[PDB]
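Read the single chain below, which is given as structure tokens and is the form deposited in one PDB entry.
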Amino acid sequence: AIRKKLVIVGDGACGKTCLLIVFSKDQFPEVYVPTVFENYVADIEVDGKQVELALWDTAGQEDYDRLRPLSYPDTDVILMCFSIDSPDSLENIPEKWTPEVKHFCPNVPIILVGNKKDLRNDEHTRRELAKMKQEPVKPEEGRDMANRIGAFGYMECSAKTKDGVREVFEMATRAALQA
């Protein structure tokens, strides 16, 4: 099993921590969702290849510009996370995270991940965003951002309902294996 490194990046409340917990545990925690994710090594079999995928998070490092890059050494795939209920977090994808990731991790594939897709039909989400002259991030808006930033691909998931969670990590494993 070849060893590959995955790192998730994104604004404070974009669901980057939930996404790792839900995948490593294989379920949305029924009793207590932990606050922090330490690390985890996933045994993934994608398209016939056996890979050992190390999982890392940058939660807590967002305000510390010298400390955060210490997470980047040897990354083989980057999950660029944004939240679908937060159009403002999508604005910081090409103006904040994309220049930094391309500086410390050049040529490393990036997958733009639209988190919290379940919130597209949540009534409270559409009401709160309307008192801002806004609405949930649309699938075509996500694709267009993934296009402009030269992301290897665009994917949507929901850590709450586990929908699309497996497909992101299987795809990230495929991306990491690429020449």
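Start at 1 and count along the sequence shown; that's the residue number.
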{"query": "Stretch with the higher entry mean CA B-factor, where the candidates are 121-129 and 134-142", "finding": "121-129"}
{"query": "Comparing 71-79 with 86-94, the one whose average Cα B-factor in the PDB entry is higher", "finding": "86-94"}
{"query": "Selection from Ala54, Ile111, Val36, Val31 [criterion: highest C-alpha temperature factor in the record]", "finding": "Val31"}
{"query": "Third of the chain, ranked by Cα B-factor, where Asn115 sits", "finding": "middle"}
{"query": "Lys16 - which third its CA temperature factor falls in, relative to the rest of the chain", "finding": "middle"}
{"query": "Assigned third (lowest, middle, highest) for the C-alpha B factor of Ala179", "finding": "highest"}
{"query": "Third of the chain, ranked by Cα B-factor, where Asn147 sits", "finding": "middle"}
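Keep in mind the form deposited with a small molecule bound is missing from the figure; the text below concerns it.
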item	value
is_contact(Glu91, the small molecule) in the entry with it bound, heavy atom dist at most 4.5 Å	no
Touches the small molecule in the entry with it bound: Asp65 (any heavy atom, 4.5 Å)	yes
